[PDB]
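Only one chain comes next, encoded as C-alpha cells, the form solved without its partner chain.
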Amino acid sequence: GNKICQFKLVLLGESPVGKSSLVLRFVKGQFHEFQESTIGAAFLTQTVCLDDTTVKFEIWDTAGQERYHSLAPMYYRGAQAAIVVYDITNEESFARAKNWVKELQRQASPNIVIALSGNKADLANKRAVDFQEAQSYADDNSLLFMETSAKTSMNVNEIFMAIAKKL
C-alpha cells in the first residue's frame, strides 16, 4: 500500500521492569542483559508495515523512578498510545502499573489507546502476578494486555502491532 501513518507512543512503568528492553527489542531487534538505567527519557523510532499502511512509531521510553514522575506529562500529553509495563515476577510493579493507568485515564488524551505489558514472561517460574487476574484487570479497564518477554522476543512485535491496528 501507499498509505503512511505516524503516531506517538509512550512507555511508562516502575523501574526496572524492562521498558527500555521492550523498545530495544522492537526497534533494533536486540536485548541487553546489562541495560543502563534510563535518565529522564530516551527517544526511538520504528517504521513497520501494517496491511496497506506504512506506520511510523515515535517512541518515548520514560525513566520509571519516582523522582521522574513529575516529568511524565511531558511525554504522555500528546501521545496517541501508551504501554504501561510491569514485571510478572513483581507484584508491587503491577500495583504501580495500575496507578499509571489511572493517571493516564484522568490526565492524558481521552482517546489514548492504553496497552498493558506483563513483561519478563520468560521468568514464569518466579511469577507473582496471575495471568488471568491481569487479564481481568485489563478487560475491566479497556486495556490491550499481553505478557511479553523482551529477552526472548515473545509478543514484543505483537503488542506494538496490536496497538497500531487499534489506532
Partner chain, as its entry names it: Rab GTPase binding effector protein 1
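Positions refer to the first chain, counted from 1.
Although not depicted, the form deposited with its partner chain bound is the subject of the following passage.
Student: Looking at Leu44, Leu123, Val48, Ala128, which has any heavy atom no more than 4.5 Å from its partner chain in the deposited complex?
Tutor: Only one listed residue qualifies here, and that residue is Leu44.
Student: All three of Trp100, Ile114 and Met154 touching its partner chain in the deposited complex at 4.5 Å, heavy atom to heavy atom?
Tutor: Not one of the three qualifies.
Student: In the deposited complex, which of 102-110, 115-123, 136-144, 22-30 comes within 4.5 Å of its partner chain (heavy atoms)?
Tutor: Checking each option against the 4.5 Å cut-off leaves 22-30.
Student: At the 4.5 Å heavy atom threshold, is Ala95 in contact with its partner chain in the deposited complex?
Tutor: No.
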